[PDB]
$ cat upload04.cif   # mmCIF, C-alpha atoms
data_model
loop_
_atom_site.group_PDB
_atom_site.id
_atom_site.type_symbol
_atom_site.label_atom_id
_atom_site.label_comp_id
_atom_site.auth_asym_id
_atom_site.auth_seq_id
_atom_site.Cartn_x
_atom_site.Cartn_y
_atom_site.Cartn_z
ATOM 1 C CA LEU A 26 -13.965 87.870 -105.695
ATOM 2 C CA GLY A 27 -17.210 88.396 -107.626
ATOM 3 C CA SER A 28 -16.812 84.699 -108.299
ATOM 4 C CA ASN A 29 -16.832 84.017 -104.526
ATOM 5 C CA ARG A 30 -20.265 85.674 -104.266
ATOM 6 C CA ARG A 31 -21.483 83.606 -107.232
ATOM 7 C CA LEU A 32 -20.152 80.437 -105.622
ATOM 8 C CA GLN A 33 -21.486 81.290 -102.169
ATOM 9 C CA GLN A 34 -25.042 81.295 -103.578
ATOM 10 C CA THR A 35 -24.781 77.874 -105.086
ATOM 11 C CA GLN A 36 -23.528 76.498 -101.780
ATOM 12 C CA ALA A 37 -26.629 77.754 -100.008
ATOM 13 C CA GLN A 38 -28.843 76.663 -102.909
ATOM 14 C CA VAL A 39 -27.615 73.077 -102.729
ATOM 15 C CA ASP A 40 -27.946 72.964 -98.960
ATOM 16 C CA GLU A 41 -31.638 73.742 -99.336
ATOM 17 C CA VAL A 42 -32.129 71.013 -101.928
ATOM 18 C CA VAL A 43 -30.454 68.517 -99.638
ATOM 19 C CA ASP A 44 -32.860 69.272 -96.804
ATOM 20 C CA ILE A 45 -35.728 68.879 -99.244
ATOM 21 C CA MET A 46 -34.465 65.531 -100.431
ATOM 22 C CA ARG A 47 -34.013 64.511 -96.869
ATOM 23 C CA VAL A 48 -37.648 65.007 -96.128
ATOM 24 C CA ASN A 49 -38.308 63.054 -99.346
ATOM 25 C CA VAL A 50 -36.191 60.201 -98.038
ATOM 26 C CA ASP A 51 -38.196 60.236 -94.856
ATOM 27 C CA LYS A 52 -41.420 59.995 -96.819
ATOM 28 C CA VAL A 53 -40.253 57.198 -99.111
ATOM 29 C CA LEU A 54 -39.061 55.197 -96.100
ATOM 30 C CA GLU A 55 -42.499 55.571 -94.574
ATOM 31 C CA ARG A 56 -43.867 54.555 -97.985
ATOM 32 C CA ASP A 57 -41.643 51.494 -97.931
ATOM 33 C CA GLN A 58 -42.806 50.437 -94.441
ATOM 34 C CA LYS A 59 -46.432 50.635 -95.518
ATOM 35 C CA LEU A 60 -45.800 48.402 -98.545
ATOM 36 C CA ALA B 191 -3.237 86.150 -105.607
ATOM 37 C CA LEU B 192 -2.304 82.814 -103.986
ATOM 38 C CA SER B 193 -4.162 83.440 -100.703
ATOM 39 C CA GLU B 194 -7.371 84.229 -102.634
ATOM 40 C CA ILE B 195 -7.131 81.146 -104.865
ATOM 41 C CA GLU B 196 -6.376 79.085 -101.754
ATOM 42 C CA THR B 197 -9.521 80.240 -99.968
ATOM 43 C CA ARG B 198 -11.564 79.903 -103.168
ATOM 44 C CA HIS B 199 -10.354 76.351 -103.660
ATOM 45 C CA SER B 200 -11.576 75.479 -100.171
ATOM 46 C CA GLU B 201 -15.097 76.610 -100.957
ATOM 47 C CA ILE B 202 -15.058 74.598 -104.179
ATOM 48 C CA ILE B 203 -14.383 71.447 -102.181
ATOM 49 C CA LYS B 204 -17.223 72.352 -99.798
ATOM 50 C CA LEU B 205 -19.491 72.547 -102.822
ATOM 51 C CA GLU B 206 -18.210 69.229 -104.111
ATOM 52 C CA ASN B 207 -19.052 67.498 -100.838
ATOM 53 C CA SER B 208 -22.581 68.793 -100.857
ATOM 54 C CA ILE B 209 -23.263 67.891 -104.439
ATOM 55 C CA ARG B 210 -21.749 64.463 -103.856
ATOM 56 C CA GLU B 211 -24.007 63.783 -100.896
ATOM 57 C CA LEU B 212 -26.991 65.203 -102.758
ATOM 58 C CA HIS B 213 -26.230 62.991 -105.738
ATOM 59 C CA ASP B 214 -25.999 59.915 -103.501
ATOM 60 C CA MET B 215 -29.398 60.695 -102.040
ATOM 61 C CA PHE B 216 -30.880 61.020 -105.524
ATOM 62 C CA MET B 217 -29.440 57.654 -106.471
ATOM 63 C CA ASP B 218 -30.568 55.957 -103.284
ATOM 64 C CA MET B 219 -34.009 57.418 -103.860
ATOM 65 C CA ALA B 220 -34.265 55.974 -107.378
ATOM 66 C CA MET B 221 -33.108 52.480 -106.393
ATOM 67 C CA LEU B 222 -35.206 52.428 -103.260
ATOM 68 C CA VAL B 223 -38.294 53.610 -105.110
ATOM 69 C CA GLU B 224 -37.724 51.242 -108.001
ATOM 70 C CA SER B 225 -37.590 48.392 -105.509
ATOM 71 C CA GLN B 226 -40.849 49.485 -103.885
ATOM 72 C CA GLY B 227 -42.471 49.731 -107.342
ATOM 73 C CA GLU B 228 -42.026 45.997 -107.780
ATOM 74 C CA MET B 229 -43.816 45.228 -104.522
ATOM 75 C CA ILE B 230 -46.715 47.302 -105.732
ATOM 76 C CA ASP B 231 -46.858 45.333 -108.989
ATOM 77 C CA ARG B 232 -47.537 42.286 -106.870
ATOM 78 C CA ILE B 233 -50.240 43.842 -104.805
ATOM 79 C CA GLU B 234 -51.951 44.961 -108.011
ATOM 80 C CA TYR B 235 -51.763 41.490 -109.550
ATOM 81 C CA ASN B 236 -52.979 40.012 -106.277
ATOM 82 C CA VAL B 237 -55.947 42.319 -105.895
ATOM 83 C CA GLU B 238 -57.004 41.971 -109.558
ATOM 84 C CA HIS B 239 -57.403 38.219 -108.995
ATOM 85 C CA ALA B 240 -59.490 38.785 -105.842
ATOM 86 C CA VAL B 241 -61.696 41.223 -107.766
ATOM 87 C CA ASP B 242 -62.241 38.787 -110.628
ATOM 88 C CA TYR B 243 -63.037 35.950 -108.256
ATOM 89 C CA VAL B 244 -65.649 38.105 -106.470
ATOM 90 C CA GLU B 245 -67.226 39.258 -109.764
ATOM 91 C CA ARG B 246 -67.386 35.669 -111.033
ATOM 92 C CA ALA B 247 -69.014 34.470 -107.815
ATOM 93 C CA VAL B 248 -71.829 37.023 -108.009
ATOM 94 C CA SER B 249 -72.463 35.836 -111.625
ATOM 95 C CA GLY C 24 -53.277 -5.521 -117.973
ATOM 96 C CA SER C 25 -53.114 -2.846 -115.281
ATOM 97 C CA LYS C 26 -49.813 -1.437 -113.994
ATOM 98 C CA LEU C 27 -50.671 1.711 -112.075
ATOM 99 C CA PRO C 28 -49.004 2.291 -108.790
ATOM 100 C CA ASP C 29 -46.724 4.500 -110.993
ATOM 101 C CA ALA C 30 -49.641 6.884 -111.142
ATOM 102 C CA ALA C 31 -49.693 6.968 -107.320
ATOM 103 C CA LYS C 32 -45.907 7.388 -107.125
ATOM 104 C CA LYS C 33 -45.495 10.315 -109.536
ATOM 105 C CA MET C 34 -48.669 11.910 -108.168
ATOM 106 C CA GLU C 35 -47.251 12.027 -104.697
ATOM 107 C CA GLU C 36 -43.914 13.181 -106.166
ATOM 108 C CA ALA C 37 -45.542 16.168 -107.861
ATOM 109 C CA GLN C 38 -47.191 17.192 -104.590
ATOM 110 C CA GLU C 39 -43.825 16.904 -102.809
ATOM 111 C CA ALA C 40 -42.529 19.358 -105.412
ATOM 112 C CA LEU C 41 -45.586 21.526 -104.717
ATOM 113 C CA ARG C 42 -45.166 21.333 -100.923
ATOM 114 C CA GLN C 43 -41.468 22.326 -101.142
ATOM 115 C CA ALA C 44 -42.398 25.149 -103.577
ATOM 116 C CA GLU C 45 -44.640 26.322 -100.730
ATOM 117 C CA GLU C 46 -41.530 26.297 -98.553
ATOM 118 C CA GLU C 47 -39.781 28.366 -101.262
ATOM 119 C CA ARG C 48 -42.600 30.915 -101.173
ATOM 120 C CA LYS C 49 -42.403 30.877 -97.318
ATOM 121 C CA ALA C 50 -38.610 30.835 -96.705
ATOM 122 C CA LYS C 51 -37.525 33.160 -99.543
ATOM 123 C CA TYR C 52 -40.146 35.763 -98.613
ATOM 124 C CA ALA C 53 -39.155 35.590 -94.964
ATOM 125 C CA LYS C 54 -35.616 36.580 -96.025
ATOM 126 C CA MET C 55 -37.138 39.127 -98.418
ATOM 127 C CA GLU C 56 -38.337 41.301 -95.543
ATOM 128 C CA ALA C 57 -35.029 40.524 -93.827
ATOM 129 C CA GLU C 58 -33.120 42.137 -96.727
ATOM 130 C CA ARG C 59 -35.642 44.968 -97.029
ATOM 131 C CA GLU C 60 -35.363 46.163 -93.407
ATOM 132 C CA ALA C 61 -31.600 45.781 -93.711
ATOM 133 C CA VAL C 62 -31.755 48.171 -96.644
ATOM 134 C CA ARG C 63 -34.065 50.491 -94.698
ATOM 135 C CA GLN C 64 -32.112 50.757 -91.489
ATOM 136 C CA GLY C 65 -28.906 50.880 -93.524
ATOM 137 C CA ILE C 66 -30.099 53.979 -95.349
ATOM 138 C CA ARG C 67 -31.437 55.417 -92.092
ATOM 139 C CA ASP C 68 -28.110 55.285 -90.267
ATOM 140 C CA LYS C 69 -26.152 56.696 -93.213
ATOM 141 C CA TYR C 70 -28.443 59.776 -93.232
ATOM 142 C CA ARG D 8 14.951 80.402 -108.671
ATOM 143 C CA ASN D 9 13.167 77.071 -108.146
ATOM 144 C CA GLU D 10 11.331 78.857 -105.295
ATOM 145 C CA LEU D 11 9.498 81.020 -107.826
ATOM 146 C CA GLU D 12 9.051 78.093 -110.154
ATOM 147 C CA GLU D 13 7.396 76.015 -107.483
ATOM 148 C CA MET D 14 5.169 78.442 -105.619
ATOM 149 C CA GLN D 15 3.886 79.267 -109.135
ATOM 150 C CA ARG D 16 3.749 75.576 -109.887
ATOM 151 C CA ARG D 17 1.482 75.302 -106.866
ATOM 152 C CA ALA D 18 -0.774 77.988 -108.077
ATOM 153 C CA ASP D 19 -1.310 76.131 -111.322
ATOM 154 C CA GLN D 20 -1.552 72.859 -109.421
ATOM 155 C CA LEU D 21 -4.385 74.134 -107.243
ATOM 156 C CA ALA D 22 -6.132 75.833 -110.167
ATOM 157 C CA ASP D 23 -6.077 72.661 -112.181
ATOM 158 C CA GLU D 24 -7.533 70.619 -109.294
ATOM 159 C CA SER D 25 -10.336 73.157 -109.036
ATOM 160 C CA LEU D 26 -11.043 72.799 -112.724
ATOM 161 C CA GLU D 27 -11.278 69.001 -112.451
ATOM 162 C CA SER D 28 -13.523 69.424 -109.437
ATOM 163 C CA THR D 29 -16.028 71.407 -111.484
ATOM 164 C CA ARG D 30 -15.787 68.769 -114.198
ATOM 165 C CA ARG D 31 -16.862 66.209 -111.633
ATOM 166 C CA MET D 32 -19.635 68.315 -110.291
ATOM 167 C CA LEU D 33 -21.038 68.651 -113.788
ATOM 168 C CA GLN D 34 -21.258 64.897 -114.305
ATOM 169 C CA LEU D 35 -22.723 64.337 -110.830
ATOM 170 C CA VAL D 36 -25.460 66.836 -111.412
ATOM 171 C CA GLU D 37 -26.248 65.426 -114.853
ATOM 172 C CA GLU D 38 -26.437 61.905 -113.433
ATOM 173 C CA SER D 39 -28.751 63.094 -110.671
ATOM 174 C CA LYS D 40 -30.982 64.489 -113.397
ATOM 175 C CA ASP D 41 -31.172 61.067 -115.045
ATOM 176 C CA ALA D 42 -31.970 59.609 -111.628
ATOM 177 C CA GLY D 43 -34.581 62.267 -110.982
ATOM 178 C CA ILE D 44 -36.241 61.891 -114.359
ATOM 179 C CA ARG D 45 -36.238 58.119 -113.987
ATOM 180 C CA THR D 46 -37.846 58.346 -110.551
ATOM 181 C CA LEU D 47 -40.616 60.613 -111.825
ATOM 182 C CA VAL D 48 -41.427 58.219 -114.651
ATOM 183 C CA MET D 49 -41.720 55.281 -112.284
ATOM 184 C CA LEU D 50 -43.853 57.244 -109.840
ATOM 185 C CA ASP D 51 -46.162 58.394 -112.620
ATOM 186 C CA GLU D 52 -46.519 54.865 -113.998
ATOM 187 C CA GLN D 53 -47.128 53.541 -110.480
ATOM 188 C CA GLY D 54 -49.765 56.264 -110.224
ATOM 189 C CA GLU D 55 -51.842 54.533 -112.909
ATOM 190 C CA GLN D 56 -51.315 51.231 -111.154
ATOM 191 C CA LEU D 57 -52.471 52.477 -107.750
ATOM 192 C CA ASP D 58 -55.495 54.192 -109.289
ATOM 193 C CA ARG D 59 -56.568 50.938 -110.921
ATOM 194 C CA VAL D 60 -56.040 49.175 -107.581
ATOM 195 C CA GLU D 61 -58.329 51.544 -105.741
ATOM 196 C CA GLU D 62 -60.785 51.112 -108.639
ATOM 197 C CA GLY D 63 -60.560 47.405 -107.939
ATOM 198 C CA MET D 64 -61.420 48.030 -104.284
ATOM 199 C CA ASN D 65 -64.423 50.105 -105.323
ATOM 200 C CA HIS D 66 -65.599 47.460 -107.799
ATOM 201 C CA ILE D 67 -65.487 44.819 -105.068
ATOM 202 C CA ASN D 68 -67.495 47.111 -102.779
ATOM 203 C CA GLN D 69 -70.109 47.547 -105.516
ATOM 204 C CA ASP D 70 -70.398 43.774 -105.994
ATOM 205 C CA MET D 71 -70.846 43.251 -102.236
ATOM 206 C CA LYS D 72 -73.892 45.539 -102.090
ATOM 207 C CA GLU D 73 -75.219 44.097 -105.380
ATOM 208 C CA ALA D 74 -74.641 40.436 -104.449
ATOM 209 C CA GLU D 75 -76.110 40.747 -100.927
ATOM 210 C CA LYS D 76 -79.089 42.936 -101.914
ATOM 211 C CA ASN D 77 -79.938 41.007 -105.101
ATOM 212 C CA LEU D 78 -79.140 37.297 -104.479
ATOM 213 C CA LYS D 79 -80.372 37.270 -100.821
ATOM 214 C CA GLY E 139 -5.327 82.546 -114.896
ATOM 215 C CA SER E 140 -8.369 83.852 -116.749
ATOM 216 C CA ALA E 141 -8.875 81.095 -119.383
ATOM 217 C CA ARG E 142 -9.234 78.928 -116.252
ATOM 218 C CA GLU E 143 -11.605 81.473 -114.748
ATOM 219 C CA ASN E 144 -13.650 81.445 -117.983
ATOM 220 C CA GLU E 145 -14.117 77.694 -118.141
ATOM 221 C CA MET E 146 -14.458 77.378 -114.373
ATOM 222 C CA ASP E 147 -17.140 80.051 -114.072
ATOM 223 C CA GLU E 148 -18.881 78.585 -117.139
ATOM 224 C CA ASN E 149 -19.167 75.261 -115.402
ATOM 225 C CA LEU E 150 -20.342 76.936 -112.205
ATOM 226 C CA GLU E 151 -23.126 78.814 -113.983
ATOM 227 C CA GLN E 152 -24.060 75.656 -115.880
ATOM 228 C CA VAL E 153 -24.323 73.754 -112.627
ATOM 229 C CA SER E 154 -26.417 76.411 -110.863
ATOM 230 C CA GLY E 155 -28.990 76.323 -113.645
ATOM 231 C CA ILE E 156 -29.254 72.548 -113.525
ATOM 232 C CA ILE E 157 -29.487 72.680 -109.725
ATOM 233 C CA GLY E 158 -32.545 74.842 -110.282
ATOM 234 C CA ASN E 159 -34.109 71.936 -112.182
ATOM 235 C CA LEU E 160 -33.289 69.555 -109.369
ATOM 236 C CA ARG E 161 -35.134 71.819 -106.931
ATOM 237 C CA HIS E 162 -38.222 71.646 -109.147
ATOM 238 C CA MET E 163 -37.910 67.904 -109.447
ATOM 239 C CA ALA E 164 -37.446 67.521 -105.701
ATOM 240 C CA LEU E 165 -40.657 69.346 -104.922
ATOM 241 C CA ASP E 166 -42.638 67.383 -107.545
ATOM 242 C CA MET E 167 -41.481 64.152 -105.953
ATOM 243 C CA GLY E 168 -42.439 65.424 -102.518
ATOM 244 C CA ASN E 169 -46.018 66.114 -103.644
ATOM 245 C CA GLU E 170 -46.254 62.919 -105.641
ATOM 246 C CA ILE E 171 -45.240 60.794 -102.679
ATOM 247 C CA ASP E 172 -47.561 62.580 -100.263
ATOM 248 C CA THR E 173 -50.495 61.899 -102.575
ATOM 249 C CA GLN E 174 -49.573 58.240 -102.941
ATOM 250 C CA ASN E 175 -49.057 57.841 -99.175
ATOM 251 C CA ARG E 176 -52.615 58.927 -98.538
ATOM 252 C CA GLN E 177 -53.806 56.594 -101.298
ATOM 253 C CA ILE E 178 -52.017 53.657 -99.674
ATOM 254 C CA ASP E 179 -53.693 54.443 -96.338
ATOM 255 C CA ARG E 180 -57.120 54.414 -98.030
ATOM 256 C CA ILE E 181 -56.355 51.129 -99.815
ATOM 257 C CA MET E 182 -55.291 49.644 -96.419
ATOM 258 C CA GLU E 183 -58.581 50.711 -94.852
ATOM 259 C CA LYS E 184 -60.682 49.549 -97.839
ATOM 260 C CA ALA E 185 -58.878 46.224 -97.975
ATOM 261 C CA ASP E 186 -59.422 45.707 -94.245
ATOM 262 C CA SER E 187 -63.087 46.715 -94.489
ATOM 263 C CA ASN E 188 -63.671 44.414 -97.484
ATOM 264 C CA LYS E 189 -61.892 41.506 -95.725
ATOM 265 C CA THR E 190 -64.158 41.924 -92.662
ATOM 266 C CA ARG E 191 -67.276 42.012 -94.867
ATOM 267 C CA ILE E 192 -66.119 38.997 -96.882
ATOM 268 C CA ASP E 193 -65.434 37.099 -93.650
ATOM 269 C CA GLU E 194 -68.962 37.830 -92.369
ATOM 270 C CA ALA E 195 -70.810 37.300 -95.708
ATOM 271 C CA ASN E 196 -69.017 34.027 -96.420
ATOM 272 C CA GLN E 197 -69.337 32.665 -92.930
ATOM 273 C CA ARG E 198 -73.020 33.356 -92.726
ATOM 274 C CA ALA E 199 -73.825 32.380 -96.329
ATOM 275 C CA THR E 200 -71.761 29.152 -96.485
#
$ encode --input "upload04.cif" --output "structure tokens"
Amino acid sequence: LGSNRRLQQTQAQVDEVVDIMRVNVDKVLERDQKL
Amino acid sequence: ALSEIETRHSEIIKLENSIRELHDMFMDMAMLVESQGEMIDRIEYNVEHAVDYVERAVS
Amino acid sequence: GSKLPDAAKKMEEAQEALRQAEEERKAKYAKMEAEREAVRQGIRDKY
Amino acid sequence: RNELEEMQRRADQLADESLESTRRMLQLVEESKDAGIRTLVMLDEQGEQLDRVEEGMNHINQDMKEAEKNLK
Amino acid sequence: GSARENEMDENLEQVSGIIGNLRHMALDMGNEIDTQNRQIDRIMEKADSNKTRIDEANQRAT
């Protein structure tokens, strides 16, 4: 329903955030290995 | 009515899994960073001694 | 009156404490990096 | 019939599980916010630390040129 | 039912908004870390340079 559209967005929105955090994990791990 | 709620429920679970994993990353980040922060505290303390020793020597 | 080998004894004993505090600095920081790269690679292979 | 009862009972069953799922999500997101906020605070505070460290490195560099040039 | 829909969709919308904040936080962290990573590389080079100069100055001086 209309609620399926609403939900579908969030799904995609979260997926993005995850990929962003992932890069952030990469960076912090590099930051750890330097310290 | 049932078939729609069924399929909707499935997507809810999908969303739960993502948020869960995302959350776990956020937590791991905080702990991991907090740990690193304490190593930095050391380096700072360490360097500040070296700096003071050098300054004292010139004087 | 002069009874002072006890100086010599407890002097050496301090330095033994100091030399094994060096081996606390050395050993427990060796296993510090141990447990840090464990945490690293752990997190790596989960993501 | 109990057939009606129970296929209906399933509907409510599933709906309720979905509700409790959203309840969870809410708490997970809120907790991630606390984690996020925390992380930012630490990073910002560590910012001041690192800046003072680099300032330390620069001070030492100053005292090298001053000590060598002056007390040669 | 539709009391369930009400509460459910309320939560959903509440989450989406907060997820927006997480996005903003995520990006801020990204930039913060990048800046600090560069800073660490400069401190590593300055430390190394200062250690070489201190080795030379000390050795020659006394």
$ resolve_selection --input "upload04.cif" --expression "the PyMOL selection byres ((chain A) within 10 of (chain E))" --output "PyMOL selection string"
chain A and resi 28+31-32+34-36+38-39+41-43+45-50+52-53+55-57+59-60
$ axis_aligned_box --input "upload04.cif" --around "stretch 53-56 of chain C" --padding-each-side "8 Å" --output "AutoDock Vina command-line options"
--center_x -37.4 --center_y 38.4 --center_z -96.7 --size_x 19.5 --size_y 21.7 --size_z 19.5
$ closest_residue --input "upload04.cif" --among "B:200, B:193, B:225, B:207" --to "chain C" --atoms "only C-alpha atoms"
B:225
$ atom_distance --input "upload04.cif" --atom1 "atom CA of residue C:42" --atom2 "atom CA of residue B:235"
22.9 Å
$ resolve_selection --input "upload04.cif" --expression "the PyMOL selection byres ((chain C and resi 59) around 12)" --output "number ranges by chain"
A: 54, 57-58, 60; B: 222, 225-226, 229; C: 52-58, 60-66
$ closest_atom_pairs --input "upload04.cif" --of "chain B" --to "chain A" --cutoff "9 Å" --atoms "only C-alpha atoms" --output "tab-separated table"
residue	atom	partner	partner_atom	distance
B:194	CA	A:26	CA	8.1
B:198	CA	A:29	CA	6.8
B:201	CA	A:32	CA	7.9
B:202	CA	A:32	CA	7.9
B:204	CA	A:36	CA	7.8
B:205	CA	A:36	CA	5.7
B:208	CA	A:39	CA	6.9
B:209	CA	A:39	CA	7.0
B:211	CA	A:43	CA	8.1
B:212	CA	A:43	CA	5.7
B:215	CA	A:46	CA	7.2
B:216	CA	A:46	CA	7.7
B:218	CA	A:50	CA	8.8
B:219	CA	A:50	CA	6.8
B:222	CA	A:53	CA	8.1
B:223	CA	A:53	CA	7.3
B:226	CA	A:57	CA	6.3
B:229	CA	A:60	CA	7.1
B:230	CA	A:60	CA	7.3
B:233	CA	A:60	CA	8.9
$ resolve_selection --input "upload04.cif" --expression "the PyMOL selection byres ((chain B and resi 191) around 12)" --output "CSV table (one decimal) with C-alpha atoms, in the frame of the given file"
chain,number,residue,atom,x,y,z
A,26,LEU,CA,-14.0,87.9,-105.7
B,192,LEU,CA,-2.3,82.8,-104.0
B,193,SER,CA,-4.2,83.4,-100.7
B,194,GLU,CA,-7.4,84.2,-102.6
B,195,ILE,CA,-7.1,81.1,-104.9
B,196,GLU,CA,-6.4,79.1,-101.8
B,197,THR,CA,-9.5,80.2,-100.0
B,198,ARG,CA,-11.6,79.9,-103.2
D,14,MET,CA,5.2,78.4,-105.6
D,15,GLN,CA,3.9,79.3,-109.1
D,17,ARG,CA,1.5,75.3,-106.9
D,18,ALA,CA,-0.8,78.0,-108.1
D,19,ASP,CA,-1.3,76.1,-111.3
D,22,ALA,CA,-6.1,75.8,-110.2
E,139,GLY,CA,-5.3,82.5,-114.9
$ closest_atom_pairs --input "upload04.cif" --of "chain D" --to "chain B" --cutoff "6 Å" --atoms "only C-alpha atoms" --output "tab-separated table"
residue	atom	partner	partner_atom	distance
D:39	CA	B:213	CA	5.5
D:46	CA	B:220	CA	5.3
D:60	CA	B:234	CA	5.9
D:67	CA	B:241	CA	5.9
D:74	CA	B:248	CA	5.7
$ closest_residue --input "upload04.cif" --among "C:69, C:43, C:29, C:34" --to "chain A" --atoms "only C-alpha atoms"
C:69
$ atom_distance --input "upload04.cif" --atom1 "atom CA of residue E:193" --atom2 "atom CA of residue D:72"
14.6 Å
$ atom_distance --input "upload04.cif" --atom1 "atom CA of residue C:33" --atom2 "atom CA of residue C:48"
22.4 Å
$ residues_around --input "upload04.cif" --residues "stretch 184-186 of chain E" --least-positions-apart "5" --cutoff "9 Å" --atoms "only C-alpha atoms" --output "MDAnalysis selection string"
(chainID D and resid 61 64:65 68) or (chainID E and resid 179 191)
$ interface_residues --input "upload04.cif" --of "chain D" --to "chain E" --cutoff "7 Å" --atoms "all atoms listed in the file" --output "VMD selection string"
chain D and resid 26 29 33 40 43 47 61 64
